[PDB]
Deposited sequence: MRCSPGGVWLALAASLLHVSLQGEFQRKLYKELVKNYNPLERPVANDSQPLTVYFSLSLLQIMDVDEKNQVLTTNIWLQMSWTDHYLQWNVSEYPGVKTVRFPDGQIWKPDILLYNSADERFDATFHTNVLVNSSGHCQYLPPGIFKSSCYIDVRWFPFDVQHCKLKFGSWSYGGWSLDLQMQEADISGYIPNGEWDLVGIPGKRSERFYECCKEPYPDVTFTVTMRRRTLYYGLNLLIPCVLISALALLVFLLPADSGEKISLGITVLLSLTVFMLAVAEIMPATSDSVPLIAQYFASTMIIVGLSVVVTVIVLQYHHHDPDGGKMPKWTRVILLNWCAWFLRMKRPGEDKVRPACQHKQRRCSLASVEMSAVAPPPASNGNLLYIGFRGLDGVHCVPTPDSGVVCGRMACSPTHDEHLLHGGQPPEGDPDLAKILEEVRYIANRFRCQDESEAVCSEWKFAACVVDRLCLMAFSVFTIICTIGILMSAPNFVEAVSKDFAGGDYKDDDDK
């Protein structure tokens, strides 16, 4: 329209985009900075980066971009692109994006009274410290730090407004707790001018249903299946195969899991302690199986059992476990021949009885160690999962 064309022609006249738009130079310019979180697109524990889709919200009063609506009846707002009117250079301080500024420079709306608006979208990559000590039951506080890059306190009086999450779309992995902000004033070694900033802390809680179903449950099942070695009879040579192939499967699983975790050394992750406990339990099960097979394939001629181990393993554990404890010259010379055969058979029977007693001792050791291992693994897993704080509320919110 003619009025809009005239207004645009007269508005840009004698206008310097570099100049700070204030009537009095000494007075600082008030800028209201806010944020509009839309989606936590991705968080990278390994890379310690947080990818978010947010809309920055900036607003300030421009002294030069004013006009009377009476002379321009139809024109109420005007929009200027990048590089034609003054804009605050508000950057994300802790940015992990290859280009330090990830905003998409859009137009700037202008009141009929000089008030300006600026909502540049963009996907921000911020380097936030991520705790995996309580993985997967961890809550994260990733900070977004915004502030003017080259204007100080006396120039650009930055002000905070509450972050808006009305348009936030829920993420399938992270539950948002809140996004509070805090306005802080910080000095710098360059200059004697404070540089105010606005810091937004994105507190988000990880939803642990997928991790509990795909990481914790399979390890519980495989560890419990490793205890089956203590039910296999030793006569079938499959105990070591069972134990060691279970160990190999656990090795593959733990390798795949560790493929996705940060190489941080601040503390031992909860899942790392859990996997260490499972590995130790399986290894000690294999060691006990080796001991049991030593006690089972014990040659009777090797030597008599020690009295102490004999009495304890055949009395105390049996009482505890309620196990059942098993149990003319030609004529004379033929007689002595049959005597040799019969005595050989009797000696064979005695050796067989000794070996059977050794086998029973192996079985008793096996059963007692099965009970001990089952109790220990249950107690250890329960304790490890109890140790994580907010674990009960994570369970209540996800599973229940």
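Visitor: Ranges lacking C-alpha coordinates, please, mapped onto the deposited sequence and listed in sequence order.
Guide: Missing C-alpha atoms (numbering from 1) occur across the ranges 1-22, 350-429, 503-512.
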